[PDB]
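What follows is one chain in structure tokens, specifically the form deposited in one PDB entry.
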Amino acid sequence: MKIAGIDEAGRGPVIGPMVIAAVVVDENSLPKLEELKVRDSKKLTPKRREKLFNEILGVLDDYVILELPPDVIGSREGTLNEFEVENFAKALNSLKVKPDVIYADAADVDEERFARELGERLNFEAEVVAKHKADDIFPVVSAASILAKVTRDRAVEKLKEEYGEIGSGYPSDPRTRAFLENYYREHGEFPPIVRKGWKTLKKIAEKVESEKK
């Protein structure tokens, strides 16, 4: 049997892409993911995870990583939830090796709902298992999670080489906050690396205009 795991990175940041990654591993290769301790990789530094990333690739039968830029996210036709479901499906449907069973991180507050909707969007037969924090539960999802996180960090790293210190890209991050406030104060607009619909932008813009003297 072929087992697939699928997760996402970059859900709530205001800057950068959202990355959805799907991995496929043969049953016999599952112990390898445990050997790699993919489940205990949350505390790893980006460089150590990159090494893990490369190791994971060596045991996978197949994988798909979709890097969705802020332009794509912003032009979406549906809600962000629908967007996530839609792209999880696209990633799985793009796989060369079709999984018999799919383990997915439940984006939707309703795990059952997510599994149902994802499956209805697949163009092949498979059992879909969706759970909250599935990445702490199933090593195969943990693996996908690592591919998505690494891809996402690489993306932001590339952005820093072009815009300087932009932080992690999350509004909660002081550097990301300052970067956006200062850029708006200097240009009266936000850079083309932000997600146009994020409420964070409106608040920063209003704050900045408030200061003006």
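A residue's number is simply how far along the shown sequence it sits, counting from 1. In this text, rigid core is short for the largest set of C-alphas that superpose within 1.5 Å between two forms.
The form deposited in another entry is left out here; the points below concern that form.
Considering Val97, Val101, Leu80, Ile137, one residue stands apart with a C-alpha shift of at least 2 Å between the shown form and the other one following superposition on the core, and it is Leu80. Annotation: Cα of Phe53 displaced by less than 2 Å between the shown form and the other one, core superposition. Annotation for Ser168: C-alpha shift of 2 angstroms or more between the shown form and the other one, rigid core superposed. Core-superposed comparison between the shown form and the other one: the CA of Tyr63 stays below a 2 Å shift. Relative to what is shown, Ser75 and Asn87 are closer in the other entry; their C-alpha atoms differ in spacing by at least 3 Å. Shown here is a form in which the CA atoms of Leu118 and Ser75 lie at least 3 Å farther apart than they do in the other entry.
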